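Okay, so here's just one chain, in structure tokens, the form deposited in one PDB entry.
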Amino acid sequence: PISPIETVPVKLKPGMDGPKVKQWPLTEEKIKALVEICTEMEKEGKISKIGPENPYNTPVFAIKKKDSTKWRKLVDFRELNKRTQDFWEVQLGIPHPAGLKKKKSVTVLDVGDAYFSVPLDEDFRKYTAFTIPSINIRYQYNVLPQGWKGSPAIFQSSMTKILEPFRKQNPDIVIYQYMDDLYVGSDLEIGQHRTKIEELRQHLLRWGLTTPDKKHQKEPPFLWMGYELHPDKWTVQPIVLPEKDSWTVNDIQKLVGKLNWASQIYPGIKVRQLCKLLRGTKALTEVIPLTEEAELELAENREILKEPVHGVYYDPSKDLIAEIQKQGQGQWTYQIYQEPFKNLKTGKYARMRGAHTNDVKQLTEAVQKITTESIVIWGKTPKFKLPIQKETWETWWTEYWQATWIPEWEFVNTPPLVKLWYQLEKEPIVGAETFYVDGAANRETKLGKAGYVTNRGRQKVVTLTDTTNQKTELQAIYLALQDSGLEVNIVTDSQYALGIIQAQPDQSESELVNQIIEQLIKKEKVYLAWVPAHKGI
């Protein structure tokens, strides 16, 4: 059935013209079917015949429904879609379960073939020209065509208008459109709810939009991209891991993919040894001998995934609480809840060390990421429970070179606490050895020397094969740190070292930097100073 709604003006992108592709030759059976089917929607007014005044054409296909029984049709709009204008956002984001609120009842109204109910822009219609050839009849769409770029866009806005009055009339009823499904929830008593649904159904019917009756309507639980939605709680469908005897590269990858998704809900899941089987993989279908370490790991993961998890929905009248935990260097797990242990959402992040960072900086980044997803989901920011002392945060941020911040938070004594691994002295140490370190290397030959000399007479130097200047400088610093006692003063002219003085990183991409880092941590008191190069010093 067609509807009396204002068509949305659709034009082809500036400078382009309608489709003109060839029509495939078909079997008499594929033709018979298309003739019959097309005559059907023809009588319905969905499609109208056209003459030679239309030079456009789209390829029509015929595919039997699941397993060669009755015949169905398909139109390949690929080209037309390329020439059609762009519309605004189709779905600017999906509602995450943790952002929903509980309802006494929810019903989904499949407005199925409503696409063919909304009238297309009359002018544009011509571009939808297609043909049913003989073995040895032209048509065009008068309504939104299945597969056409603009259909979903137009269809959505249409439903929006049509529903505007019903929503106003019923501000206690929640509707949510997704594709051709209409999710409607409420907190009314079942009988009342049933009534309003019908009223809605009739309101839609008033615009030709046919919808199924109670006898043919779907109901909860609702499978929503991973979650199993219930009117009072959402559930995570326990993930199944196939116990194979022979594994291929491809298989391992897909496995790790599913496992990595799981880790958000089930922290504890590990894939280190499983990822290790990919090293040097020559082909996607090559078989890999599962290392016992991987067997133990894969097994432990199945136990974890045995216990299904279910949580609660958002309660607007309650505060939001976000707690974070560091599982390892650069790994943080967080869970957001309103009532302790009654989780809304959980998650984790893996931070590739990158250039040079420190745990507090990483904590900061977690806090940041969380704050953002919260705003998108709940429209507000959580109060944070962070495994770090107010003293530590204060010391670090007040002197850090970059602007940084953490919203209202509260320390939670849940080990392991994140702390400052070391802190360079602000002024030279009295009664401490002074190492004047320096390193240089021939850029081209990759050959260098790293060394130092102390005010206490101590000296050293090393020749380095296959090194770079930046490395040499750092190596010098490493040596000074190795041969020095608990207290050390080190002067260098390395501009790169200036980075450490400022950022004081406790993790880096460079293994060498890390060596220095470990040494710095071991020291009681270190004072690092920089002096300009090629001068008197």
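One rule holds for the numbers: they count along the sequence shown, beginning at 1. The term rigid core refers to the maximal set of C-alpha atoms that superpose within 1.5 Å between the two forms.
We do not show the form deposited in another entry, though everything after this point is about it.
Of the candidates 380, 342, 101, 244, the only Cα that travels 2 Å or more between the shown form and the other one, given a rigid-core fit: Result of the superposition: 244 is the only one at 2 Å or more.
Does the distance between the two CA positions of residue 452 reach 2 Å or more between the shown form and the other one, the core being superposed? Indeed, residue 452 is displaced by 2 Å or more.
Is residue 407 among the residues whose Cα moves by 2 Å or more between the shown form and the other one after superposition of the rigid core? Shift at residue 407: below 2 Å after core fit.
Please say whether, between the shown form and the other one, the C-alpha of residue 160 moves by 2 Å or more once the core is aligned. No, shifts by less than 2 Å.
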